[PDB]
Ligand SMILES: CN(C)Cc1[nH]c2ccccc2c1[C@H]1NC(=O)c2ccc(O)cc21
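Here we start with a single chain on its own, the form solved without the ligand, put down as structure tokens.
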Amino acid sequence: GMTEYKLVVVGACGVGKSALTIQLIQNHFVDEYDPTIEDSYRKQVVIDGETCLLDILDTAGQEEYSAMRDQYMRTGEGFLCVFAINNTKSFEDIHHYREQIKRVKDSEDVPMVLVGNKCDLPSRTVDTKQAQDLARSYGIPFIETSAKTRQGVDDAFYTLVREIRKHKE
């Protein structure tokens, strides 16, 4: 039976949670995506030779009950924590997101990956070393991505699957 990995993409508004998710799934870059739209996507991929199904929730601004969000929080196995490299505040927000994840799973050891998105942009205010230092502190990988050019998009989600596989075994 095909293994499924339940992934949840989190981070502050505008960092590119949706654009990352839509790029991985539909192979195009979206200029606007309703920041209030929270949806789940599936895709069949092969990762290190294992055919498997990514089940991804793109979190958003939800003042309303989502039965589907409840299930991904309860049963999600890995988190993509996204900030944007031209948004210092979104980088400062990461710690908040990591603490929420630990609380949701009631553990210090939750599979997650730090993603620095929008690295196609020149106006960079969060440098790579800051992000590596934070990732090293958390004990998690750090990947630089561009939802616009596709740089690191497969790598970020695939690295997350690999962290989940290690968590299992």
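All residue numbers are counted from 1 along the displayed sequence.
There is another form of this protein, the form deposited with the ligand bound, and it is not shown here; the text below is about that form.
Taking the pose of the ligand in the deposited bound form and superimposing the nearby C-alphas onto this chain, the site is blocked, with at least three ligand atoms within 2.4 Å of backbone or C-beta atoms. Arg42 is the sole member of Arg124, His28, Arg136, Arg42 with a non-hydrogen atom lying within 4.5 angstroms of the ligand in the deposited bound form.
For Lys6, a non-hydrogen atom is located within 4.5 Å of the ligand in the deposited bound form, even though that partner is not displayed. At the 4.5 Å threshold, heavy atoms of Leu57 reach the ligand in the deposited bound form. In the deposited bound form, the residues of 67-96 lying within 4.5 Å of the ligand by at least one heavy atom are, in order, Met68, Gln71, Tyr72, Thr75, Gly76.
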